Structure formats: structure tokens, C-alpha cells
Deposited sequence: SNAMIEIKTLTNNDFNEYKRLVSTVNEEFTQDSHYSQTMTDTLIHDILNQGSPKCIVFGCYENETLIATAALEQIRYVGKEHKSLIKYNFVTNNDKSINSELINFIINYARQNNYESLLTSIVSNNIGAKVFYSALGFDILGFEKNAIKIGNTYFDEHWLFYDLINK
């Protein structure tokens, strides 16, 4: 597949919202329970949070956001990928690792629902290591999930 990775802005709202509502499942969350992307939320991330989109020709096929928590930490969030395609997502997360290294970030963290071994193996293969395990780390609708936290060492 032939993809361009673009920075998304407010002007991509329509397309972003179409992708995330159509994909529905976030790559690190559950196949049935994934957090919903409200209009306010979408606006807020597109308007420190940088959002990336993978395009094939005219079509937005995948996205992830790098959110800086303000000292600072950076988290990968809102990763929706058509068909959970790991070739596409590996190109996207490898890009995020380089973007972060270039902008002098210290680390990248990601959270994965605890029985999502597909996503954990995918991230391990990209060089992320286990940080830990948090109980009730995320609430999706009215349903809590435990999560693994992983990190990528950008210092070394």
C-alpha cells in the first residue's frame, strides 16, 4: 500500500469523524468496547496534541495522536486503523517514534487493554517495553478495563 502520513488539522474534522465512527474499534482497546469520539473531543484534538492521518489517495485510512501531558510525558492515543492493519499501523507508529525523537521528546507511552495480546505483541515488535499493569485504568462507557502500560526509550 501507498500511504502519505499527514498532520491533521480542524479542516480534517469531517474525514476524521468519518474514519473513527466507521472503524469504531481503537487498536489498543477492546473489539466491542472502545471509547467513542465526540464532536467536542475531535475538535479539541485537531485544534499539546498533534494528530496524524495515513492517506491512500483521497482516503483517510488510519490515525493516531501524540498527546503531551503537562514536566511532560507523551502518550499515543486515539489510534484507529482500517481493518486493524498492522502493516499500515507499524508504518504509522514507526513514524511517531521518529517524530518524537526529532522533536526531542524523552519518552513515548502507550496503554493497552490487558487481554489485547495482538496490540501488545505489535508494540513489543516496534521496540516498546513493559512499564507496568494498572487495574481499572480506563473506563469505556460504563465498563472498566485493566491496562498494560508500555514505553519506548527515546533517550537511548
Report summary line: Per the record, the structure omits deposited positions 1-2, 50-53, 77-80, 167
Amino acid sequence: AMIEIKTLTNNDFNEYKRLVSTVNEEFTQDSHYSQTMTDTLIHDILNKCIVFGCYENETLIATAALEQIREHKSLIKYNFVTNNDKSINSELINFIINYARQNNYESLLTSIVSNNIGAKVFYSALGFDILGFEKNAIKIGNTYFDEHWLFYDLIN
From here on, numbers count along this sequence of modelled residues.
Query raised in the report: Averaging C-alpha B-factors over each stretch, which comes out higher, 28-36 or 93-101?
Result: 28-36
Query raised in the report: Of 145-153 and 4-12, which one has the bigger average CA B-factor?
Result: 4-12
Query raised in the report: Based on what the PDB entry reports, which of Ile45, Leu126, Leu131, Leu60 has the top C-alpha B-factor?
Result: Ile45
Query raised in the report: Highest CA temperature factor in the entry: which of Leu41, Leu66, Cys54, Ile112?
Result: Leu41
Requested in this report: Classify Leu108 as lowest, middle or highest third according to the C-alpha B-factor given in the PDB entry, relative to its own chain.
Outcome: middle
Query raised in the report: Among the chain's modelled residues, which third holds the C-alpha B-factor of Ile50?
Result: middle
